[PDB]
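To begin, one chain is listed below as structure tokens, in the form deposited in one PDB entry.
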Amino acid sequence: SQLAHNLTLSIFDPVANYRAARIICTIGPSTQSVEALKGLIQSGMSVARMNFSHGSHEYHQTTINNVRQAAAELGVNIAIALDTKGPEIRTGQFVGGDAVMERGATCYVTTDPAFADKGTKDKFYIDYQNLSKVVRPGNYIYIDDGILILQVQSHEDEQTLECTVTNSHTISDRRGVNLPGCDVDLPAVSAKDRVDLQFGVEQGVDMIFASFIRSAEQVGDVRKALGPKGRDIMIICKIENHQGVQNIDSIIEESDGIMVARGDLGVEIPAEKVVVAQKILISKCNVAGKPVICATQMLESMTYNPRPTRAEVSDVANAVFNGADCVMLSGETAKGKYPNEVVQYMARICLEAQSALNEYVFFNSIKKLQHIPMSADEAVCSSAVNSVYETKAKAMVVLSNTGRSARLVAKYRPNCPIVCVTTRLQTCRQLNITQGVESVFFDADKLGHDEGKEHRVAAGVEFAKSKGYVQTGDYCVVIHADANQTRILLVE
């Protein structure tokens, strides 16, 4: 029945008047100014990502301020995301900053700290103390973004591995390393992260994009690192290796969402398996009711070219068809030449794919997996979305203080916009990673506690009127969950 829906499509018919997918932009040189962040919002940015791989706290403080000021000038709410550096496995130094590794040659990798600066083509340092304890003969070591492949022959001692060089490649100082068939037990957060996170709390960030997540226990470590004052910040887990993939179920349970880092996974896993891994992860998140980001290598060529390749375009479309809440831009907005154009084009592709997407298959698929008896909240939200399909309603209004019920509704995928009416600002921002949802702040301090709920509902319906989703005569499905309620409202 996606198939059936395909039969009735016409590419000349008008696209939807709404875009369900959300866009995350990485901020850097090309876009850190208030006037550029402004052009980014208008192009369709909902989330601003700061990459703490680079920059000092000083640089990001500017991004924060520039974001908060861009948003407030445009009257909108924009999420601020902190993407951590995370633990790294790297080489040490080489004599003459360099070491020409030739295919067939033998070399020795050592965890012996003495060799940190005096590396040679023959014996050099890798900074991960457990290397020997975790690698075994036959396994591979990737150095320099997977380019250099060394095969492990044996242990020279308990600190040194004898390796065959399997392919020629020159490598220089401090290259990154990957262990494709190895369970890496680095801690969850690096000493730096712990400081960067602490900073994030202090500065009131919305979500952590947590690097190199490999197990559920590690999500706890990240949480415990955000400490007692960080309990409302969302942890979005970056899945970057086989471990993340193997442990996905338990990781999804503990976390608040998922980022599929295709490029990182790609270093260690064949591209065609990463495609499939994207499918699995997006679908698990859809079923769990948690946002999922499709990240890296999205419209990469458009970092320096005016238009992207055909294949990059289908890549973006097919992330939407897979079920991504979000698509992310990295270099294309951090240091690209067409930062507005890329966001605009991404929005257009998403919008096109959404018009081809049969949402009803999602609703069905997710509803079919519910255990009977359902809990009240699951029942109210799914029947609310069912009511949309059955009455052809044209908007939904969701009253939610923490975003929870808005995410519960969005999970069921109605074929019309969801308007969340909330009394928390951080909620309006945090929902920026949830597909199909738009927020409205309701100031309970100034406008009253609305214990009746009539004002928030009215605020909801008016919001949907200005945007032109509903007009007089259309239907609109209202929901307050947690005590609960549902109404099918005729619009006046």
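Residues carry their position along the shown sequence, with the first being 1.
In the record comparison, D13 is modelled in each of the other entries of this protein that model the residues flanking it, with no third of them omitting it. Where the other entries of this protein model the residues before and after it, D474 is kept in all of them rather than dropped from a third. The deposited sequence places 4 to 9 unmodelled residues between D482 and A483. Mean C-alpha B-factor is higher over 215 to 223 than over the other stretch, the pair under comparison being 321 to 329 and 215 to 223. When the two stretches 434 to 442 and 30 to 38 are set side by side, the higher mean Cα temperature factor goes to 30 to 38. Note on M374, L148, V276, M396: the highest value goes to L148, judged by CA B factor as recorded. Among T166, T402, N386, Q243, the highest C-alpha B-factor recorded in the PDB entry belongs to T166. In the deposited entry, the Cα temperature factor of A81 sits in the middle third of values across the chain's modelled residues. In the deposited entry, the Cα temperature factor of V491 places it in the highest third of its chain's modelled residues. For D315, the recorded CA B-factor ranks within the lowest third of the chain. Only modelled residues enter the ranking. Sorting the modelled residues of the chain by their CA temperature factor places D264 in the lowest third. Ranked by Cα temperature factor within the chain, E359 sits in the lowest third according to the deposited record.
Separately, the form deposited in another entry exists; it is not shown, and the next lines address it.
Splitting the chain into two rigid parts for the change between this form and the one not shown, with each C-alpha assigned to the part whose superposition fits it better, puts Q426 and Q198 in the same part.
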